[PDB]
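To start, the structure under review is shown below, and the notes come after it.
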Amino acid sequence: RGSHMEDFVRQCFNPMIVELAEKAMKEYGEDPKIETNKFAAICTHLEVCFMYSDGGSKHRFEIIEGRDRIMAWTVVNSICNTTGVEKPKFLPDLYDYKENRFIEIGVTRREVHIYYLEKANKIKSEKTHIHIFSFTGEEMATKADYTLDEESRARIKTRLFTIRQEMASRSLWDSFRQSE
Ligand SMILES: COc1cc(CCNC(=O)c2nc(-c3cccc(C(F)(F)F)c3)[nH]c(=O)c2O)ccn1
Ligand SMILES: [Mn+2]
Ligand SMILES: [Mn+2]
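As numbered in PDB author numbering, residues -3 to 53, 73 to 195 make up the sequence shown, in order.
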């Protein structure tokens, strides 16, 4: 069963983040033992979402990603019913209470252009904000409004490149890149 990538995920990411990624994957019919690359991807996505939510003020953000499906939909419903934003057709990652909008965080191994295009093609209601980070240090946000200040985003990018380096050191990076 076991594989180097799984052990690396378990040693590289926080135990709560690993448990959350595992729960989400099982809930969505995936297997972290076997789909180890997706395992790493959802751990990374979770960490990015958490760091981003940490980048604002105390009450700045409401974290949607990481919750189970029913509760996540419950909280976006409460947010829509108290603010007036439209219901996103698909579950986002965050809600900005200062900018009053949902945020879709993406982490990509390819050019941010392609991935942002996909995310803007699925999200029909253009109300929800979109913010892509890449594993090379590029980033791309909707209307060039990158929400957080420079230092928080740079912290995210540094960590992303650290993960990429740790993967390449174990010869795990080529497989990870040629999997998205
Ligand atoms: C969570 O586990 C899952 C989830 C689903 C559907 C729900 N998903 C999201 O909400 C979502 N998912 C990703 C993502 C997940 C795995 C891999 C990758 C990629 F990096 F390889 F592209 C991206 N990224 C986001 O930004 C994002 O919002 C289905 C199966 N498993
Ligand atoms: Mn999400
Ligand atoms: Mn996302």
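The beta carbon of each residue, even a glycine, is placed where N, CA and C say it ideally should be.
Cβ neighbours of residue i in the same chain (closer than 6 Å, five flanking residues each side left out)
{"i": "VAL127", "result": "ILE147, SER149, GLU153, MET155"}
{"i": "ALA87", "result": "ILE79, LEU106"}
{"i": "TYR130", "result": "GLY121, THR123, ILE147"}
{"i": "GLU77", "result": "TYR110"}
{"i": "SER(-1)", "result": "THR32"}
{"i": "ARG82", "result": "none"}
Spatially closest choice to residue i from the options, by CA coordinates
{"i": "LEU109", "options": "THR143, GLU101, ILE118, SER140", "result": "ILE118"}
{"i": "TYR112", "options": "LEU163, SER140, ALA159", "result": "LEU163"}
{"i": "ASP160", "options": "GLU101, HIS144, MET21, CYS39", "result": "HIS144"}
{"i": "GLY99", "options": "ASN115, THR123, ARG185", "result": "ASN115"}
{"i": "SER53", "options": "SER167, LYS137, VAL90", "result": "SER167"}
{"i": "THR157", "options": "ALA169, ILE171, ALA20, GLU141", "result": "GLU141"}
{"i": "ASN10", "options": "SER194, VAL90, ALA36", "result": "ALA36"}
{"i": "residue 196", "options": "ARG(-3), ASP3, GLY(-2)", "result": "Within the shown structure, residues of the chain are numbered from -3 to 195, placing residue 196 beyond reach of any answer."}
{"i": "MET47", "options": "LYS104, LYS137, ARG170", "result": "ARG170"}
{"i": "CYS45", "options": "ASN92, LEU175, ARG84", "result": "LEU175"}
{"i": "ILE30", "options": "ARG6, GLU43, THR97, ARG(-3)", "result": "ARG(-3)"}
{"i": "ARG125", "options": "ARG192, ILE138, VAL91", "result": "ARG192"}
{"i": "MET21", "options": "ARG6, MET12, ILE38, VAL5", "result": "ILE38"}
Residue span of the beta strand (DSSP E) that contains residue i, given as start and end
{"i": "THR157", "result": "Here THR157 belongs to no beta strand (DSSP E), and DSSP marks it neither H nor E."}
{"i": "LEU109", "result": "109 to 111"}
{"i": "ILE78", "result": "76 to 78"}
Unbroken alpha helix (DSSP H) run spanning residue i, endpoints
{"i": "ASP3", "result": "0 to 8"}
{"i": "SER186", "result": "It is not in any alpha helix (DSSP H) - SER186 carries neither H nor E in the DSSP assignment."}
{"i": "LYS134", "result": "127 to 137"}
{"i": "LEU16", "result": "11 to 23"}
{"i": "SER93", "result": "84 to 98"}
Residues near residue i in its chain [Cβ-Cβ closer than 7 Å; skip 5 each side]
{"i": "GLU18", "result": "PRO28"}
{"i": "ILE178", "result": "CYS8, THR40"}
Beta-ladder partner(s) of residue i, from DSSP
{"i": "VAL44", "result": "Per DSSP, none; premise fails for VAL44."}
{"i": "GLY121", "result": "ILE147"}
{"i": "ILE171", "result": "Per DSSP, none; premise fails for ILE171."}
{"i": "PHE35", "result": "In the DSSP output, where bridge partners are listed per residue, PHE35 has none listed."}
{"i": "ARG116", "result": "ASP111"}
Residues near residue i in its chain [Cβ-Cβ closer than 8 Å; skip 5 each side]
{"i": "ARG75", "result": "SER49, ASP111, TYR112, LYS113"}
{"i": "residue 276", "result": "Residue 276 lies beyond the residue range present for the chain, which begins at -3 and ends at 195; the question has no answer from this structure."}
{"i": "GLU101", "result": "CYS95, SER140, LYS142"}
{"i": "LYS134", "result": "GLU119, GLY121, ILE145, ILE147"}
{"i": "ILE138", "result": "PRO103, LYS104, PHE105, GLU119, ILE145"}
{"i": "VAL14", "result": "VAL5, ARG6, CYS39"}
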